[PDB]
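# Remarks on the overall topology
Below are the chains, spelled out letter by letter.
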Amino acid sequence: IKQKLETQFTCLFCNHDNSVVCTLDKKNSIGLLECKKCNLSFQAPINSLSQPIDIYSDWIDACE
Amino acid sequence: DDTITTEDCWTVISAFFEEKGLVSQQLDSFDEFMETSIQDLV
Amino acid sequence: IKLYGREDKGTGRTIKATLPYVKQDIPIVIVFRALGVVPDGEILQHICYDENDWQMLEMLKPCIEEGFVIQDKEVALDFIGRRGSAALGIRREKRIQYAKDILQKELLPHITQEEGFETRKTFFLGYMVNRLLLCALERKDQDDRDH
Amino acid sequence: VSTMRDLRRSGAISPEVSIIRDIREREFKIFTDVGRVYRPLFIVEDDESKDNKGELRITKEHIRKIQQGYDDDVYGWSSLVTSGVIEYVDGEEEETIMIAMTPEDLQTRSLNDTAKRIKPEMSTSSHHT
Amino acid sequence: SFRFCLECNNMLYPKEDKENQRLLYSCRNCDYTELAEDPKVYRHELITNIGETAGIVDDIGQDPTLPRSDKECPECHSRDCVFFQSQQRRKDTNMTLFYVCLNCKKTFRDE
Amino acid sequence: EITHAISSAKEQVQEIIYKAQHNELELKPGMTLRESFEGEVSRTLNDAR
Amino acid sequence: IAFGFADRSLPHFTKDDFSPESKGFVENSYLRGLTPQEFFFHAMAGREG
Amino acid sequence: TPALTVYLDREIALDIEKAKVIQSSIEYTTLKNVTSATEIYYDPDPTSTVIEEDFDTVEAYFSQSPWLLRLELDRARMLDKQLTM
Amino acid sequence: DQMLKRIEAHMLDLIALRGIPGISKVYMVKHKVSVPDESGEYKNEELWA
Ligand SMILES: [Zn+2]
Ligand SMILES: [Zn+2]
Ligand SMILES: [Zn+2]
């Protein structure tokens, strides 16, 4: 099911707090991070135990 | 080895009280604290 | 450790352990692997000591299944520290180190606080979980608090 | 456990150290924590290797010495504790002992008074240790 | 007695050999796949009567807290034996005392 | 008289224990072995007193 | 009286006993005084009251 | 402590066996009460069985995915509720 | 495999053999009730309920 989450994670490119949305999409183990200012997209598979923070750490590692 | 009569028991208890006294635990704890604990805390 | 769920509710009897300075309860096998014992045979070696007591093995199996997403020390530790009640930005590099600290300290500190002794912590966790389930099996009366 | 209890009774171990054995659970716990609670008791000889079995470790000689206050080659309560006739027992260790209420219970009896008490039957144990 | 692989050390899952119409136990972290000797996949029982006699320890003859009975030990025929009741905490626990001897420690009933 | 009554009550309780131990003691409605046994003992002792 | 200790009420008894005295049956009347076990059990009852 | 006070009809109230019949009818008994043990046996053959426990039973009875579900029923309780399998 | 065990757990719970849902147990109780008699007099009457 589609899950909207205006979580307060900090973005790296636009560097705007609470501009990061960690949508949760469990149907096919797919994880999207939606940003509001620079509107970048991050993809990552999400397991049963995955959490917005898990996607955030994956994205942080990806950025560098 | 004769059986131990009740008076023997009361003798034992009297000696016990002689050695330790009624409030022994308070004094023992405080003396232990003063002697050692402060040093370790510091 | 909270023996979650009910009988024939929530699939199996999920078990999750609450750790110091963490923001969520954690599956037991996850912390086991993070602690050093990544393979499940060692885990079942430590937690169980009656192989014929199949019931405990099968009813702790559900926790085993859900911990297959982790296979090495590093990912387990990172998963742990990810809810390490710290701020945002520690990222994975220092996340596993933070987990290693929080497992070297703050956890069963009365046993020890330095590295190279997580074998003892594993053994103690196994014994403690074994006892918890023994009480869950009604093989011993629940502990008296007024004792 | 035998040797540890022997050593404590000899005084080599601090008397207030608790030695607990839970045979059923295949465990054996020792406690030297601070803040526990304990009380003294007599030590009844138990080993089935000497006539003294089922008899009090204390004897009239100990009482005489206590009354004197000095051993005939000071003799106070601590001497009794260390000499091996009285041992402190914490609450937990009480779980695993058989405590006779009075010395007379150590000796089996054979009366019929209406103005005194009658002991519990206590026939459910053909033998007592 | 659920068991692991001898090298992979991960749990083994019962997988069907539909191509050969058989049952086998499979592992996920390895390719080590072995044939299964038993079609049994799960054994969930409602009437719990397993281990009731499992509360047996060897040192049971050493504890003084236990009483000594006058009964005849079927194995050692000794008039010095102890006896205890079921250790299970089930509300429907029975009062059948498993008389335990000292040389055989065998759980028997005079009933 | 009182002592005889007390002894009789105690022996009745002993027989109750022996027979319930051997699972020869009947089960009261809605009450398990332990509960029915306890109720029987309580009734016996109150009656004796 | 429950088994506060391991399968017994007081250490002075033996494991796995259910006799009336072993679970709080005060036999002697007040005029005759009480044994220590009975006195303690009576104390338990009064405290609860 | 919820409870009901069920009064029976005139002629039943003076009868014990009809009362037992009505009791049996009312009692909310479920399979788990009568069920004793449950086992999942992969029976590869949809036509026969490799389980000797009911081999003769199934063979006498005889005269898709091979998955089979197997369970055990307690005769004692079933007879207690006087309901046949 | 998991589907089969889920269905088994569902069998163990949802299937009702007989009886009204919600009634855990039923007791066979005998009641005593006053009743006028043929002569108009009142007579007790043991009744089952
Ligand atoms: Zn952004
Ligand atoms: Zn494997
Ligand atoms: Zn024997």
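This part is about the overall build of chain F. Scanning chain F from N- to C-terminus turns up 2 helices and 0 strands. Overall size of chain F, expressed as C-alpha extent along the three principal axes, is 35 × 20 × 10 Å. The buried share among the 49 residues of chain F stands at 33%. Summing over all exposed atoms, chain F offers an accessible surface of approximately 3,300 Å²; the carbon and sulfur share of this is 53%.

With that settled, consider the coordination of the zinc ion (ligand 1). All names here are of chain A. In this structure, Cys-11 (SG), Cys-14 (SG), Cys-35 (SG) and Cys-38 (SG) serve as the protein donors to the zinc ion (ligand 1), at separations of 2.3 Å. Geometry at the zinc ion (ligand 1) is tetrahedral, judged from its 4 donor atoms and the angles of 104 to 115° they form at the metal. Between consecutive donors of the zinc ion (ligand 1), the numbers of intervening residues give the motif C-x2-C-x20-C-x2-C. Of this pair, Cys-14 sits in the segment before β1 (20-25) while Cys-38 sits in the loop between β2 (30-35) and β3 (41-44), and the two are 24 residues apart along the sequence. Residue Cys-14 is classed as partly exposed on the basis of its relative accessible area of 23%.

This part takes up the packing of helix α1 (residues 28-35) of chain C against helix α6 (residues 118-136) of chain C. Residue and element names in this part refer to chain C. Across the interface, α1 lies against α6 with an axial gap of 10 Å and an inter-helix angle of 160°. Classed by the angle they form, the pair α1 and α6 counts as roughly antiparallel. Viewed along their axes, α1 and α6 form a crossing whose handedness is left-handed. Contact residues: α1 offers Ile-28, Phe-32 and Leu-35, while α6 offers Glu-118, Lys-121, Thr-122, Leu-125, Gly-126 and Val-129. Partitioned by chemical class, the residues of the contact of α1 with α6 number 5 nonpolar, 2 polar and 2 charged.

Residues and elements named next belong to chain A. Mapping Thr-23 onto the fold places it in strand β1. There is a polar contact of 3.2 Å between the side chain of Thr-23 and the side chain of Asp-25. Leaving out residues up to four positions away in the same chain, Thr-23 has contacts with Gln-3, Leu-32 and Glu-34.

Moving on to the side chain of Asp25(C). All names here are of chain C. As for its position among the elements, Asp-25 is in the loop between β2 (15-17) and β3 (26-27). Despite its burial, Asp-25 pairs with no opposite charge; the closest candidate is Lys-2, at 5.9 Å N-O. In this structure the side chain of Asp-25 is engaged in a polar contact, spanning 2.7 Å, whose partner is the backbone nitrogen of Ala-17.

To continue, consider the packing of aromatic side chains. For the structure on display, the rule yields 14 aromatic pairs over all chains. A ring pair is formed by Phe30(B) and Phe33(B), whose centres lie 6.3 Å apart and whose planes are at 40°; its orientation type is tilted. Taken together, the residues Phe30(B) and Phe33(B), both in helix α2 (residues 24-41) and 3 residues apart, mark about one turn of the helix. Residue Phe33(B) is classed as partly exposed on the basis of its relative accessible area, which comes to 34%. Ring centres of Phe68(C) and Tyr13(E) lie 5.9 Å apart, and the angle between their planes is 75°; this geometry places the pair in the edge-to-face category. One end of the pair, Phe68(C), is in the loop between α3 (54-66) and α4 (73-82); the other, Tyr13(E), is in strand β1 (residues 13-17), on a second chain. A relative accessible area of 16% means that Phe68(C) is categorised as buried.

A few words on the coordination of the zinc ion (ligand 2). Coordination sphere of the zinc ion (ligand 2), protein contribution only: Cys8(E) (SG), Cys27(E) (SG) and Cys30(E) (SG), at 2.3 Å. Of the residues examined, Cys8(E) reaches a relative accessible area of 19% and is grouped as buried.

Right, let's get into the interface of chain I and chain E. Contacts between the two partners involve 4 residues from chain I and, on the opposite side, 4 residues from chain E. Carbon and sulfur atoms supply 63% of the area buried between chain I and chain E, which totals about 370 Å² over both sides. Considering only the surface of chain I that becomes buried against chain E, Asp1(I), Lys5(I) and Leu12(I) emerge as the three largest contributors, covering 93% of it. On the surface where chain I and chain E come into contact, there are 0 salt bridges. At the boundary of chain I with chain E, the tally comes to 1 residue pair in polar contact. Of the residues assigned to the side of chain I that touches chain E, the class counts are 1 nonpolar, no polar and 3 charged.

In this section: a positive patch on the surface. Residue and element names in this part refer to chain D. Taken together, the side chains of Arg-109, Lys-116, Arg-117 and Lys-119 present a region of like positive charge at the surface. Mapped onto the secondary structure, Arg-109 falls in the segment after α4 (103-106). A residue is classified by how much of its surface remains accessible, and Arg-109, at 63% relative accessible area, is exposed.

This part covers the packing of α4(C) against helix α5 (residues 91-104) of chain C. The relative placement of two packed helices comes down to the angle between their axes together with the axis-to-axis distance. Residue and element names in this part refer to chain C. Contact geometry for α4 and α5: axes closest at 8 Å, N-to-C directions at 85°. In terms of orientation, α4 lies roughly perpendicular with respect to α5. Contacts between α4 and α5 involve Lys-73, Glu-74, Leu-77, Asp-78, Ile-80, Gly-81 and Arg-82 on the former and, on the latter, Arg-92, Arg-95, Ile-96, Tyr-98, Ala-99, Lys-100 and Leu-103. In terms of residue class, the contact of α4 with α5 is built from 6 nonpolar, 1 polar and 7 charged.

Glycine aside, a negative phi is what most residues show, and trans is what most peptide bonds show. Residues and elements named next belong to chain C. At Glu-106, a position not held by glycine, the phi torsion is positive, near 75°. The residue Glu-106 is located in the loop between α5 and α6 in this model. Even without a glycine there, the phi angle at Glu-138 is positive, about 65°. Position of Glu-138 among the secondary structure elements: in the segment after α6. Among the residues examined, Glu-138 registers a relative accessible area of 31% and is labelled partly exposed.

Criteria and cut-off values
- Here the residues of each chain are numbered from 1 in the order the sequence is written, which can differ from the numbering of the entry; residues without coordinates are not included.
- As they are written, the chains are lettered A onward and the ligands numbered 1 onward, keeping that order.
- This view holds some of the chains of a larger assembly, and the values cover only those chains.
- Computation of side-chain values: all heavy atoms of the structure, hydrogens and water removed.
- Put simply, DSSP marks the helices as runs of H or I at least four residues long and the strands as runs of E at least two long, and each gets a number from the N terminus on.
- Buried residues are those whose accessible area, probed at 1.4 Å on protein chains only, stays under 20% of the maximum for their type, while exposed residues exceed 50% and partly exposed ones sit between those limits.
- For every accessible area listed, the method is Shrake-Rupley and the probe measures 1.4 Å; residues are considered covered only by the protein chains on display.
- As a rule, N, O and S atoms within 2.8 Å of a metal are its donors, except that Na, K and Ca use 3.2 Å; water is not among the atoms, so sites may look incomplete.
- Site shape is set this way: if four donors have all angles between 85 and 135 degrees, tetrahedral; if opposite donors are over 155 degrees apart and all others between 65 and 115, square planar for four donors and octahedral for six; otherwise irregular.
- Here an angle of 0 to 180 degrees is reported between the N-to-C directions of two axes, which are lines fitted to C-alpha atoms, with helices fitted over the stretch in contact.
- Note on terminology: angles under 35 degrees are roughly parallel, angles over 145 are roughly antiparallel, angles of 65 to 115 are roughly perpendicular, and the others are oblique.
- When the near helix sits turned anticlockwise from the far one by under a right angle, the crossing is termed left-handed; a clockwise turn instead gives a right-handed crossing.
- Every residue pair with non-hydrogen atoms within 4.5 Å of one another is taken to be in contact.
- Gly counts as polar in this scheme, as do all residues outside two lists: the nonpolar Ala, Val, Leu, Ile, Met, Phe, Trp, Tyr, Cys and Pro, and the charged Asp, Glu, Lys and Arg.
- Nitrogen and oxygen atoms within 3.5 Å of one another constitute a polar contact, given that in protein one can donate a hydrogen and the other can accept it, and given that sequence-neighbouring residues count only through two side-chain atoms.
- Neither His nor the chain ends contribute to the count of charged residues, in which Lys and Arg are positive and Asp and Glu negative.
- Any carboxyl oxygen of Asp or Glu that lies within 4 Å of a side-chain nitrogen of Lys or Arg is treated as forming a salt bridge with it.
- Between 30 and 60 degrees the pair is tilted, below 30 it is stacked and above 60 it is edge-to-face, where a pair is any two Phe, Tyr or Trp rings, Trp via its six-membered ring, whose centres lie within 6.5 Å.
- Using a 1.4 Å probe, buried area is obtained as the accessible area two parts lose upon being combined, added over both of them.
- Exposure above 30% relative accessible area and the lack of any salt bridge qualify a residue for a patch; like charges then connect within 9 Å, and the nonpolar side chains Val, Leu, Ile, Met, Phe, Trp and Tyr within 5 Å.
- All charge positions are set by atom: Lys at NZ, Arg at CZ, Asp at CG, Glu at CD.

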